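Engineer: Here's a structure for you.
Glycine gets a Cβ as well: all are built from the backbone with ideal geometry, and neighbour counts include every protein chain shown. Only the coordinates and a few stated rules stand behind these numbers; no lab work does.
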Protein chains: 2
Amino acid sequence: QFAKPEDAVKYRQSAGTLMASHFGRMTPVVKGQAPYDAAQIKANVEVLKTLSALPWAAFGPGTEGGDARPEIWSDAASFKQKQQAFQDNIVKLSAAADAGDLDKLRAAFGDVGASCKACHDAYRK
Amino acid sequence: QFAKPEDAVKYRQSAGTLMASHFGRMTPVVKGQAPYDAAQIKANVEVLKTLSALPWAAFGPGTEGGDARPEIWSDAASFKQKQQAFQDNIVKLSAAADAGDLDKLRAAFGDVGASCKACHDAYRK
Ligand code: HEC
Ligand code: HEC
Ligand SMILES: O=N[O-]
Ligand SMILES: O=N[O-]
Ligand SMILES: O=N[O-]
Ligand SMILES: O=N[O-]
């Protein structure tokens, strides 16, 4: 969907920015610093679920560029492994949010965040 | 959800960028230059539906800044009118995509695009 590779760069950056907002805005809730409203969290995690699927096509074949580490494309299968792990952790977070239990939310939130970090540690400068 | 107003700016810019990609990538399909796959379009419009709801909270009270025209905040009720019109056009596009009819998609796509432009003409520099 990208006329030039730089359009893929801008897309994936914007997807990451939105994911950070929808993930990180829950930090006070998972720490107990803000109240837990199950319906609020369920709706927000649905948004995050949608967003969470978006970057990866824009890191696929022919999207070389930007400031990411080049192993995304030279080791594309390894990048996909990190993606799979992340997307599976997102499913667990959706299940926690759908269940309406703060304990499950806390655990799944940590699972997701560690998975974001694992990919960044390998591929983000 | 924004620690400082500039975080709202970056959020809404990123939401617009993603909306442009998910809207504009359908242009070849609505022109007939690319094939119409009803299921493909239905799925893409579901993504656009989610994205389409996201900018507005980040243009609300206390999000003054960026390069947008200041009437967003000085005339907030008028901005909300443009938003309502847009979101109602999105519902029509979702219905067209769900129906699987290219004629309806063409009409609703034009409706949405004109509504994007109407808001931009008033509030985007
Ligand atoms: C690999 C499978 C990734 C996973 C999982 C996540 N991110 Fe990511 N992110 C990735 C790369 C290679 C990069 C660098 C290139 C780029 O897109 O900028 C990033 C970057 C970000 C950014 C910065 C975006 C920007 O505007 O420059 C953010 C804010 C970000 N990523 C957030 C984020 C979150 C919150 C994640 C889990 C919910 C997450 N990323 C997962 C690769 C990968
Ligand atoms: C008002 C109710 C709007 C509607 C409807 C749409 N947009 Fe928008 N957009 C709006 C403003 C005030 C601005 C300027 C400030 C900013 O967010 O940048 C924009 C900007 C954009 C951008 C540029 C984003 C960037 O990175 O700077 C894009 C690509 C964009 N808008 C796209 C877009 C599309 C495709 C819309 C309909 C599907 C649409 N916008 C509606 C305000 C409003
Ligand atoms: O910005 N994450 O692709
Ligand atoms: O996808 N596997 O780490
Ligand atoms: O960028 N649209 O808020
Ligand atoms: O929302 N009315 O133009």
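Engineer: Considering only A:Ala58, A:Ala97, A:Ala77, give the residue with the highest GNM mean-square fluctuation for chain A, with springs between Cα atoms whenever their separation is below 10 Å.
Structural biologist: Between A:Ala58, A:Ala97, A:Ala77, it is A:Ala77 that shows the largest mean-square fluctuation.
Engineer: Which value in nm describes the separation of the simple spin-label points at A:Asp67 and B:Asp121, placed 7 Å from the Cα toward the beta carbon?
Structural biologist: If labels sit at A:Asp67 and B:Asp121, their model points lie 3.8 nm apart.
Engineer: Order of A:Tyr123, A:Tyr11 from fewest to most other C-beta atoms within 10 Å? Spell out each step's value before the answer.
Structural biologist: Numbers: A:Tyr123 17, A:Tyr11 24.
Ordered by Cβ neighbours within 10 Å, fewest first: A:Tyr123, A:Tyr11.
Engineer: May I pose another question? Of the options B:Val29, B:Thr50, B:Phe109, report the single residue whose Cα projects farthest towards the positive end of the charge dipole of chain B (beta-carbon charges: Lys, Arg +1; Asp, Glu -1).
Structural biologist: B:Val29
Engineer: Per-residue Cβ counts within 10 Å, from other chains only, averaged over B:61-73: what number is that? Walk me through the intermediate numbers first.
Structural biologist: Numbers: counts 0, 0, 0, 0, 0, 0, 0, 0, 0, 0, 0, 0, 0.
Shielding by partners across B:61-73 averages 0.
Engineer: Within 10 Å, count the other beta carbons around each residue, average over each peptide in A:45-51, B:60-66, A:82-88, and list them highest first. Before the final figure, lay out each step's value.
Structural biologist: Values: A:45-51: 19.9, B:60-66: 13.9, A:82-88: 15.4.
Result, highest mean Cβ count within 10 Å first: A:45-51, A:82-88, B:60-66.
Engineer: Taking Cα centroids, how far is the stretch A:82-110 from the stretch B:49-125 in Å?
Structural biologist: With the stretch A:82-110 and the stretch B:49-125 each reduced to a Cα centre, they are spaced 31 Å.
Engineer: Further, regarding this structure: Can you give the net charge of the other residues whose Cβ lies under 13 Å from the Cβ of A:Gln33, counting K and R as +1 and D and E as -1?
Structural biologist: Values: positive: A:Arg25, A:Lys31, A:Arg106; negative: none.
Cβ neighbours under 13 Å give a net charge of +3.
Engineer: When only C-alpha pairs under 8 Å and at least 6 residues apart count, what is the relative contact order of chain B, in percent? Each step should come with its number before you reach the end.
Structural biologist: Details: 118 pairs, mean separation 37.2, N = 125.
Dividing the mean separation by the residue count of chain B yields 30 percent.
Engineer: Under the rule of -39500 (n - 2.57) per DSSP H run of 4 or more residues, summed and divided by the residues of the protein assembly as shown, what mean residue ellipticity at 222 nm is obtained, to the nearest 500 deg cm²/dmol? If you can, show how the numbers build up before the last one.
Structural biologist: Numbers: 12 runs with 180 residues, N = 250.
That comes out to -23500 deg cm²/dmol.
Engineer: Continuing with this model, one more query. Given a 10 angstrom Cα cut-off, can you work out which residue in B:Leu105, B:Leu54, B:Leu93 is the most mobile in a GNM of chain B?
Structural biologist: Looking only at B:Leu105, B:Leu54, B:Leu93, the largest GNM fluctuation is found for B:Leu54.
Engineer: If each residue's Cβ is checked for other Cβ atoms within 10 Å, how do B:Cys116, A:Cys119 rank with the fewest at the top? Walk me through the numbers before you get to the answer.
Structural biologist: Details: B:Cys116 20, A:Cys119 17.
The most exposed by this proxy come first: A:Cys119, B:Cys116.
Engineer: Here is a further query. Can you give the net charge of the other residues whose Cβ lies under 15 Å from the Cβ of A:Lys4, counting K and R as +1 and D and E as -1? Write out the running numbers ahead of the final one.
Structural biologist: Working: positive: A:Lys10, A:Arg12, B:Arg25; negative: A:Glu6, A:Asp7, A:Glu64.
Net charge in that neighbourhood comes out at 0.
Engineer: Assign unit charges at the C-beta atoms only (+1 for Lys and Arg, -1 for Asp and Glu), then state the dipole size of chain A relative to its Cα centre in Debye, rounded to the nearest 20. Write out the running numbers ahead of the final one.
Structural biologist: Details: 16 positive and 14 negative charges, 34 e Å.
For this selection, approximately 160 debye.
Engineer: On the principal axes of its Cα set, how long, how wide and how thick is the stretch A:2-125? Give whole Å, largest value first.
Structural biologist: 43, 25, 21
Engineer: Can you check what the net charge comes to around A:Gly100, using other residues whose Cβ is under 14 Å from the Cβ of A:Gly100 (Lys, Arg +1; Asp, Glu -1)? Mind dumping the intermediate values first?
Structural biologist: Numbers: positive: A:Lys42, A:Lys104, A:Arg106; negative: A:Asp37, A:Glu46, A:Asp98, A:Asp101, A:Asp103.
In short, -2.
Engineer: If the only charges are +1 at each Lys and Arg Cβ and -1 at each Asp and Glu Cβ, what is the size of the charge dipole of the protein assembly as shown around the Cα centre, to the nearest 20 debye? Before the final figure, lay out the partial values.
Structural biologist: Values: 32 positive and 28 negative charges, 49 e Å.
Here the size comes out at about 240 debye.
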